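Report on the following structure.
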Amino acid sequence: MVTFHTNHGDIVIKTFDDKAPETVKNXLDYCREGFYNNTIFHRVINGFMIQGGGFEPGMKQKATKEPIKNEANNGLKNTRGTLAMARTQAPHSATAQXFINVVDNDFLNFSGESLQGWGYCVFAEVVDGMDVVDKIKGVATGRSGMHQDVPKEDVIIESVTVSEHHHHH
Amino acid sequence: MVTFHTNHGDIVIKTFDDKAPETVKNXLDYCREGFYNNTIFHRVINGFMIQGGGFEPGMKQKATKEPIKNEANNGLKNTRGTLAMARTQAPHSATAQXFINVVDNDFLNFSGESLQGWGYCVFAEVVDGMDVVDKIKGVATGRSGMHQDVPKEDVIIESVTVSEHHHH
């Protein structure tokens, strides 16, 4: 169980260890060491998703570890509340960035091992704090240098906490 | 909370009561009594929006109540997933028809109290079922008498359910 703290509220997240082992452990590694602390949601698209994890305030991309394999073939879909890994055009390019689907974005689902088919790997799900997500996805956005859809008011992830057992079964 | 039941799937929608009171109450009235049951999505334009609420299968326009005022000055935007009221050239002409934006349609936003400025009033937003929306926007459309972009195969809203008690 992971819980981050933003200026808009608290969000609790349950990881899918059995469905995306390489994805979750690489994700959990950044959480325990503090890579996600003092990061922002640098890309917020209402009606789509909110994305962060790789930028400090001021839009400087942090240094990430080696990429992971794409485990999107686990059958999980990019429904509302699920978390999936952000990546480049290369399918096995996911590093530290991820996003939360605010609606059902089924076109992002794994439909082959190709360009528009590899999809985006779901590895976690919001259990408590979707109300906080719905307030973040509605903020005002604009251009910030070479990046687009950057919120005017920074949504800063202040701290990340990792726990053990839980009542979300 | 409102839920549509179509032949393509269910769509769950959250209303913005504080931002569009006259719009939501008018809208919810048709939902509770059943005005929207057995209606269709009579206008589907891929990459734009899907629209319904005023036509039964066969393009028979149902009888509507008095028009409502336009509450588009509420600050809400016509981003993807949002619902807005359809209207004629007159700003206070919305009755029963509405549409779902499938992309960001910023040109529909309220940018003044004039002809090309009144915009379109957002009153709701899709929470679960955008996949059903994204499937509806892809159907084949054609002309049906004095109407354009009418789907060949009817997208029928079979039933509408209203949820007024608590919700997540």
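Residues in the structure tokens are numbered from 1 in each chain, the chains being A, B, ... in the order shown, and ligands are numbered from 1 in the order shown.
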*asked:* Near chain B, meaning an atom within 10 Å, which residues of chain A appear when counting only C-alpha atoms? Write them as a ChimeraX atom specification.
replied: /A:45-48,79-80,102-107,130-131,134,138
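Look at segment 13-22 of chain A: the protein and nucleic acid residues within 7 Å of it, using only C-alpha atoms and passing over chain neighbours fewer than 5 places away, are residues 1, 2, 3, 68, 71, 74, 123, 124, 125, 126 and 127 of chain A.
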*asked:* Neighbouring residues of residue 55 of chain B were defined as those with any atom within 10 Å, considering only C-alpha atoms; residues of the same chain fewer than 4 positions away were excluded. Please report them as an MDAnalysis selection string.
replied: chainID B and resid 36 38:43 59:63 96:97 156
*Could you tell me which of A:54, A:129, A:145, A:34 comes closest to residue 98 of chain A if we count only C-alpha atoms?*
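Counting only C-alpha atoms, the residue closest to residue 98 of chain A is A:54.
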*Hey, can you check how far atom CA of residue 22 of chain B sits from atom CA of residue 83 of chain B?*
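A separation of 14.9 Å between them.
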*Between B:8, B:124, B:48, B:116, single out the one closest to residue 23 of chain B, counting only C-alpha atoms.*
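Of B:8, B:124, B:48, B:116, the one nearest residue 23 of chain B, counting only C-alpha atoms, is B:124.
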_Those of chain A in DSSP alpha helix (DSSP H), formatted as a list in words_ =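 Reading the DSSP output for chain A, alpha helix (DSSP H) covers residues 21, 22, 23, 24, 25, 26, 27, 28, 29, 30, 31, 32, 33, 130, 131, 132, 133, 134, 135 and 136 of chain A.
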*Just how far from atom CA of residue 43 of chain A is atom CA of residue 140 of chain A, in Å to one decimal?*
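A separation of 11.0 Å between them.
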*May I have the residues within 12 Å of residue 65 of chain A as a ChimeraX atom specification, using only C-alpha atoms and disregarding those fewer than 5 positions away in the same chain?*
/A:26-27,29-30,35,54,93-97
